[PDB]
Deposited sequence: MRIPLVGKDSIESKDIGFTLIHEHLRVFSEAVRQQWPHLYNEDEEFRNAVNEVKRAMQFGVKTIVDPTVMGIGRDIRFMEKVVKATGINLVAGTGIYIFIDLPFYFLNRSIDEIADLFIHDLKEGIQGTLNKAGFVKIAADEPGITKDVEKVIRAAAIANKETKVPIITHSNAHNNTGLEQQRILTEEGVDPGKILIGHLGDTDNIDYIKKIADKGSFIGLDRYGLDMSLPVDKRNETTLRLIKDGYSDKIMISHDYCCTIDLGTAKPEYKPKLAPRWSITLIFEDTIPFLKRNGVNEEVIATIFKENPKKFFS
């Protein structure tokens, strides 16, 4: 079912407690490659190994890292951190852009772009046998631009052909994620194979529900890296969302570059307001489980 980095495919049912949106490392491939002297491979690798193994202590069995083209996916560093920790790591494919595709994509087709994603998820990633387990796409303040729309559409095709889910990045303040659901569902993707990202950044609880009402998971997924909304206002929308029955559509993560702030703040908090272990299990085991099923 779910390919992992380093280890061999697991069954959807054994994903376990999951962090659905976390970055081991992020960069611009062009910058890293032209100017290696800006980066410390050993520091980076130390920091990610410590963060991860802390999370494994707290009960996390699986991290899904949606680092793709444009924010510096490296499957090799990834399998390094797997082998140094024993974590279940799901790598994805896709393209992260907010306006234009790189020049290579001028006069390329939607289908040609999807063949990239299919390659990654059937043959493998950057020449290895580690396979992609989902597709990532993005839009932010610029909105649904032409090239952003191509990428969205190629995700649609990759999902049809392979049935791997799709994770999005979106701007909670400008209707991007609604548009992303609209276009994917229009093209025939199961709404429930979609995670609409970063909705945790707004107070506007109606907009969030609007999306969850159309059958997709809603991403409350930048806890702690809280330049969007204080961790106190997140932990509240989250609670409110749980009280009105949306647990079956809620996913929680950090989007990091700590990875355990939800054990220190959010999960403690939710318990205090009468959220039982069964709803936290729904969010971190069952929702991941079905998303990948």
| property | result |
| --- | --- |
| Sequence order list of spans that the model leaves without C-alpha positions, deposited numbering | 1, 259-278 |
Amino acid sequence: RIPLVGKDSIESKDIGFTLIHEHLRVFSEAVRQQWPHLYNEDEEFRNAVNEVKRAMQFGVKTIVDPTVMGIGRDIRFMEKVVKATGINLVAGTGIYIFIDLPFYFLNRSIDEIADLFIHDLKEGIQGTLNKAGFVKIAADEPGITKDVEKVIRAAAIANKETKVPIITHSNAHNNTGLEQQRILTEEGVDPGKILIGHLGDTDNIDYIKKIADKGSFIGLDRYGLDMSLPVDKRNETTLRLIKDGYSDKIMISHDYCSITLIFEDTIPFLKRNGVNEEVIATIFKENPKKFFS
From here on, numbers count along this sequence of modelled residues.
query	finding
139-147 set against 79-87, stretch whose average Cα temperature factor tops the other in the entry	79-87
Of 26-34 and 50-58, the one with larger mean CA B-factor	50-58
Residue selected from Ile205, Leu178, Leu121, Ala212 by maximal Cα B factor	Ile205
Most elevated Cα B-factor in the entry, residues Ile250, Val64, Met69, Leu225	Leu225
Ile183, C-alpha B-factor rank within chain (lowest, middle or highest third)	lowest
CA B-factor ranking of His21, expressed as a third of its chain	lowest
CA B-factor placement of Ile283, once the chain's modelled residues are sorted into thirds	lowest
Ranked C-alpha temperature factor of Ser216 among modelled chain residues, by third	lowest
Chain third (lowest, middle, highest) by recorded CA B-factor, residue given as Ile167	lowest
